Amino acid sequence: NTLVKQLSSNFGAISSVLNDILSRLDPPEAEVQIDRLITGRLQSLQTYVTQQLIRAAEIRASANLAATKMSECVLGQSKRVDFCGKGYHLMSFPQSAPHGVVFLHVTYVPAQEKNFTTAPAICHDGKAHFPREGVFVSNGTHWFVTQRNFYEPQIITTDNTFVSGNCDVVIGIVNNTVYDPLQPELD
Amino acid sequence: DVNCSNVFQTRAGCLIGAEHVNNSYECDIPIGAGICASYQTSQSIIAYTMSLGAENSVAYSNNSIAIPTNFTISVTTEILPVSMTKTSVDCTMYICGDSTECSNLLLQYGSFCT
Amino acid sequence: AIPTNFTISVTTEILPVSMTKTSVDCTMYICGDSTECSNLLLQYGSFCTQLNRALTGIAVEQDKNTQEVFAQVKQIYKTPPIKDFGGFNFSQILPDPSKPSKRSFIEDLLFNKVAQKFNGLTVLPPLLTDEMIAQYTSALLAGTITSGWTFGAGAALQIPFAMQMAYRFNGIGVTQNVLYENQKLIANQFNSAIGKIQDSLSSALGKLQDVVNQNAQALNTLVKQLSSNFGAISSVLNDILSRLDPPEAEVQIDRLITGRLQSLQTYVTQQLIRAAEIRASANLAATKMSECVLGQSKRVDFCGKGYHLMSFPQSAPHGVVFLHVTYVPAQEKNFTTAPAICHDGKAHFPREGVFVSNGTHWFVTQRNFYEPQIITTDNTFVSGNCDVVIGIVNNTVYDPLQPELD
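Protein chains in written order, with our numbering: chain A, 7 to 193; chain B, 1250 to 1363; chain C, 46 to 451.
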């Protein structure tokens, strides 16, 4: 609609019609009137194309950004933090849209939580025990073992705890016995 | 940029028609200098300071860790453009019409329209 | 070569998220305390109408970039009252209450380094002040030393820093038991790395200064154009009308209006190009906020230089300062390795480590640290015979299942 208004503007002349200049004015003296009309429109065309090149860069930047999310969030699982939506992304569902695309991410965000006591290490017979990938928790006096996501207490055995020296090197290490399933198997 | 009932003089401007209160609410209409305006409580246009969020703190401990017990499933929606419309502009039709001398002067600027 | 020692190094990175705002109007620039100037400006009103909609379209994007980098959560977290963070002393990144502003000592050190409106060069004031930006940076540093990565994806989960530091160190392949055996060594190297950055920033922020210089340089260009004649004899509109009548001065006023429209189209073109660089840099800075600060990103040459463990975002005028914690090994030796070890006709392949030797005995350790461990059957597994492997040595396995039966 902006280019339509340029055809009606006189640009300092007496009329914006090309046929009107060659009717009321002689051709030998009409060269100074048509030149101002053409020059006034060339500045509008150069500005129009300049704006289209800038808007094309924003669309190109959005197309390259959406292409990475199409080959990672949809095709495969992206382990990045806050990339495929907002939370632990699992799978995506791309949907079509006029002059665009709509993404449907399925995140995994926990809900409520509780509070339990922990310990950096557990000392048994002078050997420091460390978890493999879990975290030592405790409800009452009992010391259990769970993962770092869902609350699933288990029994602290020898398969989840490994020795790594003595107990006089860990600052703030507690003292608690460790159940050994190998002993009842030999009895 | 005017030096200054319900007159409020801030670092961004001068608003006449909104009473400033000591309470802080959520932002809505941005004005400047971290001051927003909204239609809240009779109810009229009042001025206040925008709220940056609910101030809270986490009790730091040395022998306690929070373990989540319940998990939920949330689905989000994002909008990203892909393409737009395509147009075309020609010098022989937009600049000149059904004339003859108009196309003669355009030949001198043929490199621009090309 | 298996590394035996580890060091802690902190790198810096200056990236700009925003700039200065400036609004230009055709009224206080092209026209004057004159009367005929406005009449001619109505024929070229379509050019100035786009200026009032293109310059304002940049100011709405500068405030939007600030809501994507510094605005990540909806809760304002504060620092805990206990200053004991597991042996690590935090005071350089925490806001000092004795200071008049809510900024730390590092944020206050970089702040010291970082007539025109009468001609139609109005400056729009920013929305977010310098006090509200420091509040968002304090909430990110509070959740990092406490939670770390659980506050940005749900509720805040409290966890001591002694056990949280071991989780950040296991993201490279090293076990967690090594951190507890050298807890005093990491605390001495972490505090020494902060002193090197503090002394370096007290005696160069060129990424945030060149942007301001380019803004003021383009403003002086429009000032020089108003004093020119553009083919006439004067520049003030109140001087030409006082000596020439409007019926005869129309050949000079049109040249001044046209000669100023070229500078407006050139100035608005450079602002749109510089806005694309700030918008592109804002998307890259917002990505590192959710990758380096939020979570442990294993990307190479992305969160500093080397193995990344944690980050600490800071504040900066028209920018953002990051403090990554890199990991680089040092002091390595030479040991003899072997692809596999044959026992009673079975090739034992490792699971996560590699066999090492010192010329006499044969040990086994991981891929990132030298830990002298005996050859066990629980750390390896059999797979076929020994005549299908090109390179394999022969050594007796201790077999931990033998002493258990005695």
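We put the CB at the ideal spot given by N, CA and C, even for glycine.
Expected contact under 8 Å - CB spacing of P362 of chain C and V338 of chain C to nearest Å: 20 Å between Cβ atoms; not a contact.
I'd like to know whether the C-beta of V1324 of chain B is nearer than 9 Å to at least one C-beta of chain A. Yes, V1324 of chain B counts as interfacial toward chain A.
6 Å CB neighbourhood of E1268 of chain B in its chain, flanking five on each side removed: Taken in chain order, the residues that qualify are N1255, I1295.
At 4 residues or longer, what runs of the alpha helix (DSSP H) sit wholly inside the segment 125-163 of chain C? Runs found: 150-154.
Would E119 of chain A count as contacting chain C if we go by Cβ distances under 9 Å? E119 of chain A has a beta carbon lying within less than 9 Å of a beta carbon in chain C.
At 3 residues or longer, what runs of the beta strand (DSSP E) sit wholly inside the segment 84-125 of chain A? Here the runs fully enclosed are 101-103, 106-116, 119-124.
Decide yes or no for the touch test of the segment 143-156 of chain C against the segment 203-219 of chain C: beta carbon pairs closer than 8 Å, at least 3 of them. No: the two stretches stay apart, fewer than three of their Cβ pairs being nearer than 8 Å.
Helix, strand or coil: how does DSSP classify residue 460 of chain C here? Outside the displayed span of chain C (46 to 451) sits residue 460 of chain C, for which this structure offers no information.
3-residue-minimum beta strand (DSSP E) runs that sit fully inside the segment 80-133 of chain C, ordered along the chain: Within the segment 80-133 of chain C, the runs of beta strand (DSSP E) that reach at least 3 residues and sit entirely inside it are, in chain order, 120-122.
From B:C1263, B:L1355, B:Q1289, B:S1337, pick the residue whose C-alpha is nearest to that of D1277 of chain B; which is it? It is B:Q1289.
Would the segment 389-397 of chain C count as touching the segment 360-376 of chain C if we require 3 or more Cβ pairs under 8 Å? Cβ pair count under 8 Å is below three, so no.
Do you know how far the Cα of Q52 of chain A is from the Cα of residue 20 of chain C? No answer is possible for residue 20 of chain C: it lies beyond the span of chain C, which begins at 46 and ends at 451.
For chain B, is any of its Cβ atoms less than 9 Å away from the one on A125 of chain A? Closer than 9 Å: yes.
Short-range partners of chain A found in the segment 1251-1267 of chain B, where Cβ spacing is below 9 Å: Taking 9 Å as the Cβ-Cβ cut-off against chain A, none of the residues of the segment 1251-1267 of chain B qualify.
As assigned by DSSP and simplified to three states, the class of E158 of chain A: The answer is coil: DSSP assigns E158 of chain A none of H, G, I, E or B.
Looking at the structure shown, is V1331 of chain B part of a helix, part of a strand, or coil, going by DSSP? In this structure, DSSP gives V1331 of chain B a state outside helix and strand, which the three-state scheme calls coil.
Segment contact flag, the segment 84-94 of chain C with the segment 9-17 of chain A, C-beta cutoff 8 Å, min 3 pairs: With the rule of 3 Cβ pairs closer than 8 Å, the segment 84-94 of chain C counts as touching the segment 9-17 of chain A.
Give a yes or no on whether 9 Å exceeds the smallest Cβ distance from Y114 of chain A to chain B. True, the Cβ-Cβ gap to chain B drops below 9 Å.
Taking DSSP as the reference, what is the three-state secondary structure of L173 of chain C? The answer is coil: DSSP assigns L173 of chain C none of H, G, I, E or B.
Buried or exposed: which applies to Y1309 of chain B, given that a residue is buried once 16 or more other Cβ atoms fall within 10 Å of its Cβ? Buried: at least 16 other Cβ atoms inside 10 Å.
DSSP state of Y312 of chain C mapped onto helix, strand, coil: In the structure shown, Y312 of chain C sits in a helix (DSSP, three-state: H, G or I).
Can you tell me which of the three DSSP states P395 of chain C falls into? Correct three-state label for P395 of chain C: strand.
Would you say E336 of chain C faces chain A, with C-beta separation under 9 Å as the test? Taking a beta-carbon distance threshold of 9 Å, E336 of chain C counts as an interface residue toward chain A.
Would you mind working out which of B:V1307, B:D1250, B:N1252, B:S1300 sits nearest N1271 of chain B, comparing C-alpha positions? Of the candidates B:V1307, B:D1250, B:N1252, B:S1300, B:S1300 places its Cα closest to the Cα of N1271 of chain B.
Counterpart residues of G1281 of chain B in DSSP-defined beta bridges: Answer is B:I1284.
Is the segment 1310-1318 of chain B touching the segment 23-36 of chain A in the sense that three or more CB pairs, one from each, lie closer than 8 Å? No, they do not touch.
How about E1275 of chain B: is its C-beta nearer than 9 Å to some C-beta of chain A? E1275 of chain B is outside the set of residues whose beta carbon lies under 9 Å from a beta carbon in chain A.
Distance cutoff 9 Å, beta carbons only. Does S102 of chain A sit that close to anything in chain C? Chain C contact via Cβ: absent.
Note down, in chain order, all residues in the segment 198-209 of chain C with a beta-carbon under 7 Å from any beta-carbon belonging to chain A. Residues are counted here when their Cβ sits less than 7 Å from a Cβ of chain A; for the segment 198-209 of chain C these are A198, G199, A200, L202, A207, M208, given in chain order.
At a CB distance below 7 Å, what residues from the segment 308-321 of chain C approach chain A? Give them in sequence order. Under the 7 Å Cβ criterion, the segment 308-321 of chain C contributes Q310, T314, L317, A321.
Please classify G193 of chain C: is it buried, with 16 or more other beta-carbons within 10 angstroms of its beta-carbon, or exposed? Within 10 angstroms of the beta-carbon of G193 of chain C lie 16 or more other beta-carbons, which makes it buried.
Let me see if you follow: with CB-CB separation under 9 Å, is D88 of chain A close to chain C or not? Chain C has a Cβ within less than 9 Å of the Cβ of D88 of chain A.
Hey, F142 of chain A and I162 of chain A: beta-carbon distance below 9 Å or not? Contact flag set, yes.
Could you please tell me which residues of the segment 171-191 of chain C, in chain order, have their CB closer than 9 Å to any CB of chain B? Cβ contacts with chain B: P171, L172, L173, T174, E176, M177, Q180, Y181, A184, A187, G188, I190, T191.
Check the Cβ-Cβ distances between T163 of chain A and every residue of chain C, and say whether any is below 9 Å. Not a single C-beta of chain C is nearer than 9 Å to the C-beta of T163 of chain A.
Under 9 Å, do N134 of chain C and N227 of chain C count as touching if we go by C-beta distance? Taking 9 Å as the Cβ cut-off, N134 of chain C and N227 of chain C do not qualify as a contacting pair.
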